[PDB]
Amino acid sequence: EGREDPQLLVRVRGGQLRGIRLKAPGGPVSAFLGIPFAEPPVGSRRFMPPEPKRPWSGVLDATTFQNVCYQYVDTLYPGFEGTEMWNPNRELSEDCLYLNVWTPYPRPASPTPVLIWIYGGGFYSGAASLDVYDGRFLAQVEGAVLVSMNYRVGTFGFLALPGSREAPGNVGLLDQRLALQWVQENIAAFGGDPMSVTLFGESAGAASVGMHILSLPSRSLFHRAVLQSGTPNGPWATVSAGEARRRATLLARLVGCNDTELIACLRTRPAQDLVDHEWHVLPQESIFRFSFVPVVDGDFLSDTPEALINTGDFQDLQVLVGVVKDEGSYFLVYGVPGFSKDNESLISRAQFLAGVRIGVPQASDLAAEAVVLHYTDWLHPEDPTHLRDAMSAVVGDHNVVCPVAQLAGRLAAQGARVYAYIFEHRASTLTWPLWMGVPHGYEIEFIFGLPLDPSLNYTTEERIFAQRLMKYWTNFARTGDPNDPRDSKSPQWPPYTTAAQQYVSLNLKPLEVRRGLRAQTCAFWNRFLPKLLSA
Ligand SMILES: *[C@@H]1O[C@H](CO)[C@@H](O)[C@H](O)[C@H]1NC(C)=O
């Protein structure tokens with residue numbers, strides 16, 4: 001050093017970092033990318049909990065994103081922006097436990113509230129380095145310290161022989177926790193305030209946040225929580241220990257493999273082989289189900305998320321939760337016959353009944369027929385447009401909207417402060433067909449302020465809207481209240497309560513307050529359907 005920018009040199013517990021001055025629309029930001037927070041979980045460490053990164057010597061270069069965690073790469077529509085935007089954008093490697101930090105430039109004078117992002121991707125994919133997770137805008141415009149971490153996905157992250165020592169399960173969650181521990185120790189070096197840490201994440205990221213809420217050792221590592229379109233409760237986010245043992249041993253079989261001896265064999269297999277058989281272990285033909293997810297181990301998760309949210313004390317928790325308008329539409333093109341991005345996907349009644357079996361893969365015959373009876377419009381039981389949209393609603397309600405409703409309700413009744421939204425604006429830049437409405441994942445680019453980047457072709461109202469959303473998120477991070485303390489001209493966002501069940505709509509128009517999160521339909525999923533199983 002000597003000739004470098006004095007603002008880009010920071011020391012953390014493991015050593016010295018050189019970061020990069022990045023250009024945002026309104027000015028420069030400080031970025032520190034690819035900071036290792038753990039020892040590479042490679043070789044004999046595959047399936048194992050992470051061990052903290054051992055200090056390095058010299059100045060670590062922290063100017064580029066690091067490796068993406070080894071993962072299945074989507075090929076449903078080869079070349080299409082709508083799918084490619086979620087695909088890995090750095091080399092795939094099992095050496096992938098690195099995190100990223102964005103701060104104002106120069107770094108702030110007084111300690112600033114910290115936002116930690118946890119990406120989604122079904123627990124089998126994702127990366128903190130995607131364009132949609134770019135922290136530069138929240139750093140520059142709102143003055144936030146933003147952190148995001150890579151965590152292990154798929155088998156490397158979640159394959160479990162529950163009870164064993166060599167594959168205890170949930171290690172992807174432990175990667176996340178270690179990075180939360182890293183923020184507590186080191187964030188003040190960047191001007192971040194470890195006493196004001198908000199977790200936010202979407203889909204499996206949202207479930208991840210919820211699990212930290214429900215896991216006591218994580219509780220002291222953060223203060224507030226945002227869950228976007230996902231929940232630790234519901235049919236996809238967790239598996240029983242039994243079911244995890246079943247899938248782990250079947251995958252072992254498929255690649256040619258006493259728990260110790262089985263795992264030791266699995267550790268000799270190349271990463272890609274594990275990826276190649278990942279999808280072959282699911283009990284039924286299904287959508288919105290993923291092979292290796294968090295396990296109810298009686299350790300990280302002391303009981304089922306359902307049980308923990310029902311009985312927990314959520315005294316001093318502030319939580320922001322919400323959904324997009326059309327949660328289910330996306331998932332339909334990944335294995336319900338009849339559905340495609342390339343046509344209107346108008347379907348027949350038969351195709352609808354088939355889709356319900358695939359979308360509610362755990363339903364008995366009676367339960368499926370109940371789902372079908374509930375979602376059929378009996379004035380027009382054969383109308384293809386309605387059946388198409390009913391199929392989407394079924395998948396969206398079952399996997400996201402009613403899990404969220406359950407979560408908001410239980411948390412509110414047990415002392416938490418809950419704000420609830422539905423996001424209803426479809427990006428003008430969206431490449432998915434119009435029938436998919438406002439699909440799952442497509443609020444993220446707005447929360448992160450991409451529309452602020454003039455080169456991205458968003459409309460002027462979209463720019464203003466993104467700024468509104470950024471204000472909401474960062475106000476909530478600061479105070480546990482999304483509303484502006486000054487701005488009483490703009491309409492208020494009431495807390496969600498069990499008596500009033502209030503939530504807001506997020507679109508180009510000013511906030512509108514609505515009541516009941518799909519209240520009738522969710523009573524079906526959350527109250528009736530379980531009992532059509534206790535029989
Ligand atoms: C749309 O595309 C899929 C796959 O090519 C096809 O099976 C489906 O029937 C199509 N819808 C119609 C009737 O155009």
# chains A, B, ... in the order shown; residues from 1 in each chain; ligands from 1
>>> residues_near_ligand(ligand="ligand 1", cutoff="6 Å", atoms="only C-alpha atoms and all ligand atoms", output="VMD selection string")
chain A and resid 338 to 340 343 345
>>> residues_around(residues="region 374-380 of chain A", least_positions_apart="5", cutoff="9 Å", atoms="only C-alpha atoms", output="PyMOL selection string")
chain A and resi 369+386-387+390-391+393-394+521+524
>>> residues_around(residues="residue 337 (chain A)", least_positions_apart="4", cutoff="9 Å", atoms="only C-alpha atoms", output="list in words")
residues 332, 333, 351, 354 and 355 of chain A
>>> select_by_dssp(residues="region 233-449 of chain A", states="strand (DSSP E or B)", output="MDAnalysis selection string")
chainID A and resid 239 295 318:324 326 417:423 439
>>> residues_around(residues="residue 138 (chain A)", least_positions_apart="3", cutoff="12 Å", atoms="only C-alpha atoms", output="MDAnalysis selection string")
chainID A and resid 24:30 101:104 113:117 133:135 141:147 445:452 466:475 477
>>> write_last_selection(atoms="C-alpha atoms", output="mmCIF file, in the first residue's frame")
data_model
loop_
_atom_site.group_PDB
_atom_site.id
_atom_site.type_symbol
_atom_site.label_atom_id
_atom_site.label_comp_id
_atom_site.auth_asym_id
_atom_site.auth_seq_id
_atom_site.Cartn_x
_atom_site.Cartn_y
_atom_site.Cartn_z
ATOM 1 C CA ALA A 24 -23.708 3.767 -8.645
ATOM 2 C CA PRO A 25 -26.169 6.233 -10.283
ATOM 3 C CA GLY A 26 -25.989 8.924 -7.575
ATOM 4 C CA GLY A 27 -22.310 8.404 -6.733
ATOM 5 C CA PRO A 28 -19.641 5.902 -5.607
ATOM 6 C CA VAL A 29 -19.994 2.998 -3.116
ATOM 7 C CA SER A 30 -17.474 0.810 -1.269
ATOM 8 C CA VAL A 101 -20.184 -6.191 1.840
ATOM 9 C CA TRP A 102 -21.463 -2.885 0.397
ATOM 10 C CA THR A 103 -21.156 0.362 2.329
ATOM 11 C CA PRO A 104 -21.443 4.096 1.474
ATOM 12 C CA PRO A 113 -27.956 -0.373 10.480
ATOM 13 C CA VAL A 114 -26.991 -3.561 8.627
ATOM 14 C CA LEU A 115 -29.090 -5.504 6.123
ATOM 15 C CA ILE A 116 -28.147 -9.127 5.572
ATOM 16 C CA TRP A 117 -29.480 -10.766 2.391
ATOM 17 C CA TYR A 133 -28.887 -8.915 -5.436
ATOM 18 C CA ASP A 134 -26.558 -5.977 -6.182
ATOM 19 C CA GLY A 135 -26.211 -4.017 -2.947
ATOM 20 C CA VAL A 141 -29.260 5.807 -1.861
ATOM 21 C CA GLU A 142 -30.292 4.701 1.627
ATOM 22 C CA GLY A 143 -26.824 4.708 3.198
ATOM 23 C CA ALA A 144 -27.168 1.051 4.278
ATOM 24 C CA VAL A 145 -24.507 -1.507 5.045
ATOM 25 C CA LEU A 146 -25.467 -4.540 3.000
ATOM 26 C CA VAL A 147 -24.064 -8.023 3.420
ATOM 27 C CA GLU A 445 -35.206 -6.212 -8.522
ATOM 28 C CA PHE A 446 -37.399 -3.422 -7.047
ATOM 29 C CA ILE A 447 -36.388 -3.834 -3.353
ATOM 30 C CA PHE A 448 -32.763 -3.702 -4.514
ATOM 31 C CA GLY A 449 -33.277 -0.585 -6.656
ATOM 32 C CA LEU A 450 -32.154 -1.908 -10.050
ATOM 33 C CA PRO A 451 -34.704 0.359 -11.782
ATOM 34 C CA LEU A 452 -32.482 3.283 -10.613
ATOM 35 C CA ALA A 466 -38.317 1.318 -6.407
ATOM 36 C CA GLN A 467 -37.271 4.262 -4.214
ATOM 37 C CA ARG A 468 -40.539 3.938 -2.282
ATOM 38 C CA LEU A 469 -39.863 0.239 -1.674
ATOM 39 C CA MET A 470 -36.252 0.921 -0.644
ATOM 40 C CA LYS A 471 -37.507 3.510 1.841
ATOM 41 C CA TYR A 472 -39.947 0.894 3.236
ATOM 42 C CA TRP A 473 -37.357 -1.856 3.684
ATOM 43 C CA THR A 474 -34.642 0.414 5.167
ATOM 44 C CA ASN A 475 -37.062 2.255 7.442
ATOM 45 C CA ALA A 477 -34.450 -2.126 9.206
#
>>> closest_residue(among="A:201, A:384, A:78, A:52", to="residue 346 (chain A)", atoms="only C-alpha atoms")
A:384
>>> closest_residue(among="A:483, A:176, A:364, A:304", to="residue 49 (chain A)", atoms="only C-alpha atoms")
A:176
>>> residues_around(residues="residue 491 (chain A)", least_positions_apart="5", cutoff="9 Å", atoms="only C-alpha atoms", output="PDB file with N, CA and C atoms, in the first residue's frame")
ATOM      1  N   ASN A 483     -42.993   2.747   7.941  1.00  0.00           N
ATOM      2  CA  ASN A 483     -43.499   4.093   7.664  1.00  0.00           C
ATOM      3  C   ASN A 483     -42.476   5.186   7.949  1.00  0.00           C
ATOM      4  N   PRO A 510     -50.444   4.823  -4.584  1.00  0.00           N
ATOM      5  CA  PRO A 510     -50.151   4.944  -3.158  1.00  0.00           C
ATOM      6  C   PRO A 510     -50.718   3.766  -2.385  1.00  0.00           C
ATOM      7  N   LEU A 511     -50.085   3.429  -1.263  1.00  0.00           N
ATOM      8  CA  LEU A 511     -50.539   2.339  -0.405  1.00  0.00           C
ATOM      9  C   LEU A 511     -52.054   2.242  -0.258  1.00  0.00           C
ATOM     10  N   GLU A 512     -52.596   1.048  -0.479  1.00  0.00           N
ATOM     11  CA  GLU A 512     -53.992   0.762  -0.161  1.00  0.00           C
ATOM     12  C   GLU A 512     -54.057  -0.324   0.911  1.00  0.00           C
ATOM     13  N   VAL A 513     -54.872  -0.105   1.935  1.00  0.00           N
ATOM     14  CA  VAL A 513     -54.982  -1.079   3.010  1.00  0.00           C
ATOM     15  C   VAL A 513     -56.109  -2.073   2.730  1.00  0.00           C
TER      16      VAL A 513
END
>>> residues_around(residues="residue 194 (chain A)", least_positions_apart="2", cutoff="9 Å", atoms="only C-alpha atoms", output="list in words")
residues 111, 112, 113, 114, 183, 184, 185, 186, 187, 188, 192, 196, 197, 221 and 222 of chain A
>>> residues_around(residues="region 323-328 of chain A", least_positions_apart="2", cutoff="10 Å", atoms="only C-alpha atoms", output="count of residues only")
48
>>> select_by_dssp(residues="region 133-179 of chain A", states="alpha helix (DSSP H)", output="PyMOL selection string")
chain A and resi 136-142+154-158+171-179
>>> write_last_selection(atoms="N, CA, C and O atoms", output="tab-separated table (two decimals), in the first residue's frame")
chain	number	residue	atom	x	y	z
A	136	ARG	N	-25.31	-2.22	-4.32
A	136	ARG	CA	-24.81	-0.86	-4.55
A	136	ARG	C	-25.87	0.22	-4.37
A	136	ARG	O	-25.55	1.27	-3.79
A	137	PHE	N	-27.11	-0.03	-4.80
A	137	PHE	CA	-28.17	0.99	-4.76
A	137	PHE	C	-28.66	1.29	-3.34
A	137	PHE	O	-28.84	2.46	-3.00
A	138	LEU	N	-28.88	0.26	-2.52
A	138	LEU	CA	-29.29	0.48	-1.14
A	138	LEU	C	-28.18	1.14	-0.32
A	138	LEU	O	-28.46	1.98	0.55
A	139	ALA	N	-26.94	0.77	-0.61
A	139	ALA	CA	-25.76	1.41	-0.01
A	139	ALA	C	-25.69	2.90	-0.37
A	139	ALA	O	-25.62	3.75	0.52
A	140	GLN	N	-25.75	3.23	-1.67
A	140	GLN	CA	-25.66	4.61	-2.14
A	140	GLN	C	-26.86	5.46	-1.77
A	140	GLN	O	-26.68	6.57	-1.29
A	141	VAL	N	-28.07	4.97	-2.01
A	141	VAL	CA	-29.26	5.81	-1.86
A	141	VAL	C	-29.76	5.86	-0.42
A	141	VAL	O	-30.13	6.94	0.07
A	142	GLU	N	-29.76	4.73	0.27
A	142	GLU	CA	-30.29	4.70	1.63
A	142	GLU	C	-29.21	4.75	2.69
A	142	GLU	O	-29.52	4.87	3.88
A	154	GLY	N	-28.21	-27.83	-2.09
A	154	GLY	CA	-28.33	-29.21	-2.51
A	154	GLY	C	-27.73	-30.16	-1.49
A	154	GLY	O	-27.73	-29.88	-0.29
A	155	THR	N	-27.22	-31.28	-1.99
A	155	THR	CA	-26.55	-32.28	-1.17
A	155	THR	C	-25.47	-31.67	-0.28
A	155	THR	O	-25.51	-31.86	0.94
A	156	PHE	N	-24.55	-30.91	-0.86
A	156	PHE	CA	-23.44	-30.35	-0.08
A	156	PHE	C	-23.96	-29.51	1.08
A	156	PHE	O	-23.27	-29.30	2.06
A	157	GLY	N	-25.20	-29.06	0.98
A	157	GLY	CA	-25.70	-28.18	1.99
A	157	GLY	C	-26.67	-28.80	2.94
A	157	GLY	O	-26.84	-28.29	4.05
A	158	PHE	N	-27.33	-29.89	2.51
A	158	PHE	CA	-28.48	-30.38	3.23
A	158	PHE	C	-28.67	-31.89	3.25
A	158	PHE	O	-29.58	-32.39	3.90
A	171	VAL	N	-26.31	-28.13	7.36
A	171	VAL	CA	-25.04	-27.40	7.39
A	171	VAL	C	-25.06	-26.12	6.55
A	171	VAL	O	-24.26	-25.19	6.79
A	172	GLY	N	-25.97	-26.07	5.58
A	172	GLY	CA	-26.16	-24.85	4.79
A	172	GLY	C	-26.66	-23.71	5.65
A	172	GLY	O	-26.29	-22.55	5.45
A	173	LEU	N	-27.50	-24.06	6.63
A	173	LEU	CA	-28.01	-23.11	7.59
A	173	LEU	C	-26.89	-22.65	8.51
A	173	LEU	O	-26.83	-21.49	8.89
A	174	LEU	N	-25.98	-23.57	8.84
A	174	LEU	CA	-24.85	-23.25	9.68
A	174	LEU	C	-23.85	-22.35	8.98
A	174	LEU	O	-23.22	-21.51	9.62
A	175	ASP	N	-23.71	-22.52	7.66
A	175	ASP	CA	-22.93	-21.57	6.84
A	175	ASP	C	-23.52	-20.15	7.02
A	175	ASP	O	-22.80	-19.17	7.28
A	176	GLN	N	-24.85	-20.06	6.93
A	176	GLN	CA	-25.53	-18.79	7.08
A	176	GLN	C	-25.28	-18.19	8.47
A	176	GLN	O	-25.00	-16.98	8.60
A	177	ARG	N	-25.38	-19.03	9.50
A	177	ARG	CA	-25.17	-18.60	10.89
A	177	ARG	C	-23.75	-18.11	11.14
A	177	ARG	O	-23.55	-17.12	11.84
A	178	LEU	N	-22.77	-18.81	10.57
A	178	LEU	CA	-21.37	-18.43	10.68
A	178	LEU	C	-21.12	-17.05	10.08
A	178	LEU	O	-20.42	-16.22	10.68
A	179	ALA	N	-21.72	-16.79	8.92
A	179	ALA	CA	-21.68	-15.45	8.31
A	179	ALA	C	-22.41	-14.42	9.17
A	179	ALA	O	-21.97	-13.27	9.25
>>> atom_distance(atom1="CA of residue 10 (chain A)", atom2="CA of residue 105 (chain A)")
13.1 Å
>>> closest_residue(among="A:312, A:494, A:217, A:283", to="residue 180 (chain A)", atoms="only C-alpha atoms")
A:217
>>> closest_residue(among="A:68, A:204, A:8, A:427", to="residue 22 (chain A)", atoms="only C-alpha atoms")
A:8
>>> decode(residues="region 407-454 of chain A", atoms="N, CA and C atoms", output="PDB file, in the first residue's frame")
ATOM      1  N   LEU A 407     -48.101 -18.062   9.122  1.00  0.00           N
ATOM      2  CA  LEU A 407     -46.979 -17.500   9.846  1.00  0.00           C
ATOM      3  C   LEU A 407     -47.346 -16.147  10.443  1.00  0.00           C
ATOM      4  N   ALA A 408     -47.873 -15.227   9.624  1.00  0.00           N
ATOM      5  CA  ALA A 408     -48.230 -13.888  10.095  1.00  0.00           C
ATOM      6  C   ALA A 408     -49.199 -13.973  11.274  1.00  0.00           C
ATOM      7  N   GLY A 409     -50.194 -14.849  11.142  1.00  0.00           N
ATOM      8  CA  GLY A 409     -51.211 -15.037  12.159  1.00  0.00           C
ATOM      9  C   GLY A 409     -50.668 -15.569  13.473  1.00  0.00           C
ATOM     10  N   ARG A 410     -49.810 -16.575  13.413  1.00  0.00           N
ATOM     11  CA  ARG A 410     -49.306 -17.159  14.633  1.00  0.00           C
ATOM     12  C   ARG A 410     -48.334 -16.207  15.319  1.00  0.00           C
ATOM     13  N   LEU A 411     -47.488 -15.558  14.531  1.00  0.00           N
ATOM     14  CA  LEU A 411     -46.541 -14.592  15.051  1.00  0.00           C
ATOM     15  C   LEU A 411     -47.247 -13.391  15.700  1.00  0.00           C
ATOM     16  N   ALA A 412     -48.293 -12.875  15.051  1.00  0.00           N
ATOM     17  CA  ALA A 412     -49.038 -11.729  15.580  1.00  0.00           C
ATOM     18  C   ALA A 412     -49.710 -12.060  16.921  1.00  0.00           C
ATOM     19  N   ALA A 413     -50.350 -13.227  16.980  1.00  0.00           N
ATOM     20  CA  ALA A 413     -51.062 -13.666  18.170  1.00  0.00           C
ATOM     21  C   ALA A 413     -50.119 -13.936  19.331  1.00  0.00           C
ATOM     22  N   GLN A 414     -48.839 -14.121  19.038  1.00  0.00           N
ATOM     23  CA  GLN A 414     -47.874 -14.476  20.078  1.00  0.00           C
ATOM     24  C   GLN A 414     -46.863 -13.369  20.367  1.00  0.00           C
ATOM     25  N   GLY A 415     -47.296 -12.129  20.124  1.00  0.00           N
ATOM     26  CA  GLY A 415     -46.569 -10.937  20.560  1.00  0.00           C
ATOM     27  C   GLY A 415     -45.691 -10.196  19.568  1.00  0.00           C
ATOM     28  N   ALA A 416     -45.480 -10.772  18.387  1.00  0.00           N
ATOM     29  CA  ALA A 416     -44.606 -10.164  17.393  1.00  0.00           C
ATOM     30  C   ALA A 416     -45.284  -8.973  16.775  1.00  0.00           C
ATOM     31  N   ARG A 417     -44.482  -8.050  16.262  1.00  0.00           N
ATOM     32  CA  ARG A 417     -44.966  -6.929  15.468  1.00  0.00           C
ATOM     33  C   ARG A 417     -44.793  -7.317  13.998  1.00  0.00           C
ATOM     34  N   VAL A 418     -45.905  -7.425  13.268  1.00  0.00           N
ATOM     35  CA  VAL A 418     -45.922  -7.986  11.911  1.00  0.00           C
ATOM     36  C   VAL A 418     -46.447  -6.987  10.901  1.00  0.00           C
ATOM     37  N   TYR A 419     -45.705  -6.727   9.832  1.00  0.00           N
ATOM     38  CA  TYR A 419     -46.246  -5.953   8.706  1.00  0.00           C
ATOM     39  C   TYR A 419     -46.365  -6.886   7.521  1.00  0.00           C
ATOM     40  N   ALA A 420     -47.457  -6.754   6.774  1.00  0.00           N
ATOM     41  CA  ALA A 420     -47.781  -7.713   5.739  1.00  0.00           C
ATOM     42  C   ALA A 420     -48.057  -6.983   4.446  1.00  0.00           C
ATOM     43  N   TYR A 421     -47.544  -7.497   3.331  1.00  0.00           N
ATOM     44  CA  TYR A 421     -47.801  -6.880   2.026  1.00  0.00           C
ATOM     45  C   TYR A 421     -48.179  -7.902   0.953  1.00  0.00           C
ATOM     46  N   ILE A 422     -48.772  -7.411  -0.132  1.00  0.00           N
ATOM     47  CA  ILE A 422     -48.862  -8.158  -1.379  1.00  0.00           C
ATOM     48  C   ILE A 422     -48.308  -7.245  -2.478  1.00  0.00           C
ATOM     49  N   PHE A 423     -47.357  -7.770  -3.247  1.00  0.00           N
ATOM     50  CA  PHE A 423     -46.656  -7.023  -4.284  1.00  0.00           C
ATOM     51  C   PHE A 423     -47.325  -7.311  -5.621  1.00  0.00           C
ATOM     52  N   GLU A 424     -47.736  -6.265  -6.330  1.00  0.00           N
ATOM     53  CA  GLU A 424     -48.685  -6.430  -7.425  1.00  0.00           C
ATOM     54  C   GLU A 424     -48.237  -5.790  -8.725  1.00  0.00           C
ATOM     55  N   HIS A 425     -47.011  -5.296  -8.773  1.00  0.00           N
ATOM     56  CA  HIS A 425     -46.556  -4.636  -9.977  1.00  0.00           C
ATOM     57  C   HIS A 425     -45.675  -5.547 -10.838  1.00  0.00           C
ATOM     58  N   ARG A 426     -46.061  -5.712 -12.096  1.00  0.00           N
ATOM     59  CA  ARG A 426     -45.278  -6.502 -13.031  1.00  0.00           C
ATOM     60  C   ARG A 426     -44.270  -5.621 -13.769  1.00  0.00           C
ATOM     61  N   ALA A 427     -42.996  -5.993 -13.673  1.00  0.00           N
ATOM     62  CA  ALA A 427     -41.943  -5.209 -14.282  1.00  0.00           C
ATOM     63  C   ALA A 427     -42.243  -5.046 -15.763  1.00  0.00           C
ATOM     64  N   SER A 428     -42.122  -3.812 -16.252  1.00  0.00           N
ATOM     65  CA  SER A 428     -42.219  -3.570 -17.693  1.00  0.00           C
ATOM     66  C   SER A 428     -41.129  -4.325 -18.474  1.00  0.00           C
ATOM     67  N   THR A 429     -40.026  -4.685 -17.814  1.00  0.00           N
ATOM     68  CA  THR A 429     -38.931  -5.395 -18.492  1.00  0.00           C
ATOM     69  C   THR A 429     -39.086  -6.909 -18.475  1.00  0.00           C
ATOM     70  N   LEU A 430     -40.132  -7.401 -17.815  1.00  0.00           N
ATOM     71  CA  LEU A 430     -40.327  -8.839 -17.633  1.00  0.00           C
ATOM     72  C   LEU A 430     -40.337  -9.606 -18.954  1.00  0.00           C
ATOM     73  N   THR A 431     -39.608 -10.712 -19.012  1.00  0.00           N
ATOM     74  CA  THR A 431     -39.577 -11.513 -20.235  1.00  0.00           C
ATOM     75  C   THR A 431     -40.490 -12.725 -20.194  1.00  0.00           C
ATOM     76  N   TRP A 432     -41.058 -13.035 -19.032  1.00  0.00           N
ATOM     77  CA  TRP A 432     -42.035 -14.122 -18.969  1.00  0.00           C
ATOM     78  C   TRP A 432     -43.347 -13.634 -19.591  1.00  0.00           C
ATOM     79  N   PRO A 433     -44.163 -14.572 -20.117  1.00  0.00           N
ATOM     80  CA  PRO A 433     -45.411 -14.204 -20.762  1.00  0.00           C
ATOM     81  C   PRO A 433     -46.356 -13.519 -19.793  1.00  0.00           C
ATOM     82  N   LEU A 434     -47.328 -12.806 -20.354  1.00  0.00           N
ATOM     83  CA  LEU A 434     -48.280 -12.021 -19.593  1.00  0.00           C
ATOM     84  C   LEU A 434     -49.184 -12.843 -18.708  1.00  0.00           C
ATOM     85  N   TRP A 435     -49.421 -14.107 -19.078  1.00  0.00           N
ATOM     86  CA  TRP A 435     -50.321 -14.958 -18.277  1.00  0.00           C
ATOM     87  C   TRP A 435     -49.752 -15.251 -16.884  1.00  0.00           C
ATOM     88  N   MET A 436     -48.425 -15.187 -16.752  1.00  0.00           N
ATOM     89  CA  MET A 436     -47.790 -15.457 -15.460  1.00  0.00           C
ATOM     90  C   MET A 436     -47.976 -14.326 -14.466  1.00  0.00           C
ATOM     91  N   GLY A 437     -48.604 -13.239 -14.920  1.00  0.00           N
ATOM     92  CA  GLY A 437     -48.901 -12.094 -14.064  1.00  0.00           C
ATOM     93  C   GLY A 437     -47.653 -11.515 -13.426  1.00  0.00           C
ATOM     94  N   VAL A 438     -47.661 -11.393 -12.101  1.00  0.00           N
ATOM     95  CA  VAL A 438     -46.503 -10.913 -11.333  1.00  0.00           C
ATOM     96  C   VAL A 438     -45.875 -12.129 -10.661  1.00  0.00           C
ATOM     97  N   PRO A 439     -44.878 -12.746 -11.317  1.00  0.00           N
ATOM     98  CA  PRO A 439     -44.410 -14.043 -10.867  1.00  0.00           C
ATOM     99  C   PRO A 439     -43.471 -13.996  -9.656  1.00  0.00           C
ATOM    100  N   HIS A 440     -43.218 -15.181  -9.123  1.00  0.00           N
ATOM    101  CA  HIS A 440     -42.420 -15.386  -7.945  1.00  0.00           C
ATOM    102  C   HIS A 440     -41.008 -14.921  -8.270  1.00  0.00           C
ATOM    103  N   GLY A 441     -40.399 -14.170  -7.352  1.00  0.00           N
ATOM    104  CA  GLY A 441     -39.049 -13.642  -7.548  1.00  0.00           C
ATOM    105  C   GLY A 441     -38.955 -12.238  -8.109  1.00  0.00           C
ATOM    106  N   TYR A 442     -40.056 -11.695  -8.625  1.00  0.00           N
ATOM    107  CA  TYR A 442     -39.961 -10.441  -9.403  1.00  0.00           C
ATOM    108  C   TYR A 442     -40.265  -9.128  -8.680  1.00  0.00           C
ATOM    109  N   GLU A 443     -40.243  -9.180  -7.350  1.00  0.00           N
ATOM    110  CA  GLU A 443     -40.224  -7.974  -6.534  1.00  0.00           C
ATOM    111  C   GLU A 443     -38.785  -7.641  -6.169  1.00  0.00           C
ATOM    112  N   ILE A 444     -37.906  -8.644  -6.208  1.00  0.00           N
ATOM    113  CA  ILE A 444     -36.522  -8.490  -5.747  1.00  0.00           C
ATOM    114  C   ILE A 444     -35.794  -7.357  -6.435  1.00  0.00           C
ATOM    115  N   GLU A 445     -35.867  -7.295  -7.764  1.00  0.00           N
ATOM    116  CA  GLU A 445     -35.206  -6.212  -8.522  1.00  0.00           C
ATOM    117  C   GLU A 445     -35.674  -4.804  -8.097  1.00  0.00           C
ATOM    118  N   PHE A 446     -36.899  -4.685  -7.575  1.00  0.00           N
ATOM    119  CA  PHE A 446     -37.399  -3.422  -7.047  1.00  0.00           C
ATOM    120  C   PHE A 446     -36.902  -3.075  -5.647  1.00  0.00           C
ATOM    121  N   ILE A 447     -36.936  -4.030  -4.706  1.00  0.00           N
ATOM    122  CA  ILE A 447     -36.388  -3.834  -3.353  1.00  0.00           C
ATOM    123  C   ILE A 447     -34.923  -3.436  -3.419  1.00  0.00           C
ATOM    124  N   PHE A 448     -34.198  -3.958  -4.405  1.00  0.00           N
ATOM    125  CA  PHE A 448     -32.763  -3.702  -4.514  1.00  0.00           C
ATOM    126  C   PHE A 448     -32.438  -2.434  -5.296  1.00  0.00           C
ATOM    127  N   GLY A 449     -33.454  -1.826  -5.920  1.00  0.00           N
ATOM    128  CA  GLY A 449     -33.277  -0.585  -6.656  1.00  0.00           C
ATOM    129  C   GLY A 449     -32.603  -0.683  -8.017  1.00  0.00           C
ATOM    130  N   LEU A 450     -32.649  -1.842  -8.671  1.00  0.00           N
ATOM    131  CA  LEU A 450     -32.154  -1.908 -10.050  1.00  0.00           C
ATOM    132  C   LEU A 450     -32.806  -0.868 -10.981  1.00  0.00           C
ATOM    133  N   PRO A 451     -34.136  -0.626 -10.859  1.00  0.00           N
ATOM    134  CA  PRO A 451     -34.704   0.359 -11.782  1.00  0.00           C
ATOM    135  C   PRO A 451     -34.020   1.731 -11.756  1.00  0.00           C
ATOM    136  N   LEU A 452     -33.277   2.044 -10.688  1.00  0.00           N
ATOM    137  CA  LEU A 452     -32.482   3.283 -10.613  1.00  0.00           C
ATOM    138  C   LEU A 452     -31.368   3.361 -11.643  1.00  0.00           C
ATOM    139  N   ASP A 453     -30.946   2.213 -12.164  1.00  0.00           N
ATOM    140  CA  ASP A 453     -29.872   2.167 -13.144  1.00  0.00           C
ATOM    141  C   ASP A 453     -30.434   2.485 -14.528  1.00  0.00           C
ATOM    142  N   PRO A 454     -30.142   3.696 -15.042  1.00  0.00           N
ATOM    143  CA  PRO A 454     -30.803   4.190 -16.269  1.00  0.00           C
ATOM    144  C   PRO A 454     -30.590   3.226 -17.437  1.00  0.00           C
TER     145      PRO A 454
END
